[PDB]
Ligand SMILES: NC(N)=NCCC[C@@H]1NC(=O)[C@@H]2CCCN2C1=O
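Quick heads-up: it's one chain on its own, the form solved without this ligand, in structure tokens.
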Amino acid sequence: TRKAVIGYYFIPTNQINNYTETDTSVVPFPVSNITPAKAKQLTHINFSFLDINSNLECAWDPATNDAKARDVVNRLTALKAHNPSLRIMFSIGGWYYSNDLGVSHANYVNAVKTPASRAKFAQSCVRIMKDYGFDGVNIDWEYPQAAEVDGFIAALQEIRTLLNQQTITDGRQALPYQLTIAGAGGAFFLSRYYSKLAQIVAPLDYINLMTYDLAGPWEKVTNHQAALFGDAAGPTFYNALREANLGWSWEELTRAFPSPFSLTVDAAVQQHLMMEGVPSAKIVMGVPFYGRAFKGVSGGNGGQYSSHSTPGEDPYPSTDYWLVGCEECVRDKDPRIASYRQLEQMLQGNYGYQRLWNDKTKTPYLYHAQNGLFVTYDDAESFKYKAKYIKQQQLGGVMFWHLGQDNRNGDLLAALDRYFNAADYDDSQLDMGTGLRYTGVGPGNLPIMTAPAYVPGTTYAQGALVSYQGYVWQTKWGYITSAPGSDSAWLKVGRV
């Protein structure tokens, strides 16, 4: 099964309204930059962002000139002429619109609250899809809270129902309409809906994990924003999943959610796989086509795991653009984020940066010794390890934010495509290293075991192992006289 390669195409409204393919000062990344070859390396383009309005329907931002927008979307759907598997999805949400303190947060909450609002919303999603010529719906609410989860689930189910009907009405059995969400890639946000993950994922083709932004200036210690595995020298974090409303026992929680833990890509993937009903084939790993930069860092560790003096507020609370060599930063008025495109130029520009490598996390970083700067980012080398993990763990594919941040040659996207599909690329000897793996155990990833059948009437000592009801069970204390499922002394530890 081909791995998904899902790239976000993000275009602000003002660029839609002044769309040109011939003036990078005004549209830095027009659709013509997605050449036939790039189009064939993608399986999905997530056109981003639409919103939910005060009518509680899916909708464009109101300042959008519609003719321009329809024109931009038509350029994207024309790309399917080059790749008959390509889908142009549209995204609803994103952080700006849907975070808890976000300008449209209330509509997210309200759209999913009643059967009626859920049917109105779901219909509006399909209507927009069909009117503009999109191939599916990607919902990026960051993030429904436990109260809202049942309504969000019901909304996803309704959209799935409608999309499946529309696939049959449109003869699209060869390329059915799809439904995806952007999912949390870290335990803190994931804990909002984690307990009902199976229900959330059932209506989806893919859950695209935002396994990036795991470090940033809002954290006191500099760190890798998308470490594949952990580094014991790096910071560790409270495992918020142990507080989710699971109804699990203390042993079950502890075994599933070691705390503190390393906030890594592997952690997020394994946390999903720990739940029953979450198939690996639906999990897509997100990767960033940008780096995060920090100032006021100290020496010793190449800028890693340092205090820093980087404001965390949005917007950037000042006019000081201190990321030496970053032209895009001054245009975008924020020195804390830089595209891969720009970082590559900075690095080869003699600006004082050193590119280093963490062989535990399998990610690169830049250190600027003169100025005390640190940058965490991803590149074609870190993507070798991430692609090997996607294959080894039987994940659905990769997602990235965003296409316009690749270099002009499209090298990050090409690398992803190469690692999954090139007949002359061989990663059999790629060493995945000794970084820390997430070792929790949950109902969804119990190890296969054998044990003698439980015998009623028998008394068992502590640590005794039995098979019962198709699982392997262990006693937590001694003199156990009733059965697994019926005596809390038994812990489910394996699967027959």
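In this text, residue numbers run from 1 along the sequence as written.
Just so you know, the form deposited with this ligand bound exists too; it's not on screen, but the next bit is about it.
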Please work out, step by step, whether the site is open or blocked: first superpose the C-alphas near the site so this ligand is positioned as in the deposited bound form, then count ligand atoms within 2.4 Å of this form's backbone or C-beta atoms (3 or more = blocked). open
Do all of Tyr8, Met210 and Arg292 end up near this ligand in the deposited bound form, with near meaning a heavy atom within 4.5 Å? yes
Testing 138-146, 107-115, 407-415, 374-382 against this ligand in the deposited bound form with a 4.5 Å heavy atom criterion leaves exactly one stretch, namely 138-146
Contact residue in the deposited bound form, chosen from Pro235, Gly302, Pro364, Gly94 - any heavy atom within 4.5 Å of this ligand: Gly94
Of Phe134, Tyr353, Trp401, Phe121, which residue is found within 4.5 angstroms of this ligand in the deposited bound form when only non-hydrogen atoms are counted? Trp401
Is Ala267 close enough to touch this ligand in the deposited bound form, meaning at least one heavy atom pair within 4.5 Å? no
Is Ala226 a contact residue for this ligand in the deposited bound form, using a 4.5 Å heavy atom cut-off? no
Using the partner position in the deposited bound form, report whether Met285 sits within 4.5 Å of this ligand, counting heavy atoms only. no
Please run the contact check for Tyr438 against this ligand in the deposited bound form: heavy atoms, 4.5 angstroms, yes or no? no
For 38-58: residues with a non-hydrogen atom within 4.5 angstroms of this ligand in the deposited bound form? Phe49
